[PDB]
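Engineer: After the structure tokens below, expect a handful of questions from me.
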Amino acid sequence: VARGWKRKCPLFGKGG
């Protein structure tokens, strides 16, 4: 799981 996919990388969290 990548719970921190947007929490830390909002630039690549378009599909959060």
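Ordering of the structure tokens sets the chain letters (A, B, ...); residue numbers start at 1 within each chain; ligands are numbered from 1 in the order shown.
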Give the helix (DSSP H, G or I) residues of chain A, as DSSP finds them on the backbone, and put them as a list in words.
Structural biologist: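 For chain A, the helix (DSSP H, G or I) set is residues 4, 5, 6, 7, 10, 11 and 12 of chain A.
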Engineer: Determine, counting only C-alpha atoms, which protein, DNA and RNA residues have an atom within 7 Å of an atom of residue 6 in chain A; residues of the same chain fewer than 6 positions away are not included. Present the result as a ChimeraX atom specification.
Structural biologist: /A:12-13,16
Engineer: Fewer than 3 positions away in the same chain doesn't count, so skip those; otherwise give me all residues within 12 Å of residue 15 in chain A, counting only C-alpha atoms, as number ranges by chain.
Structural biologist: A: 2-3, 5-6, 9-12
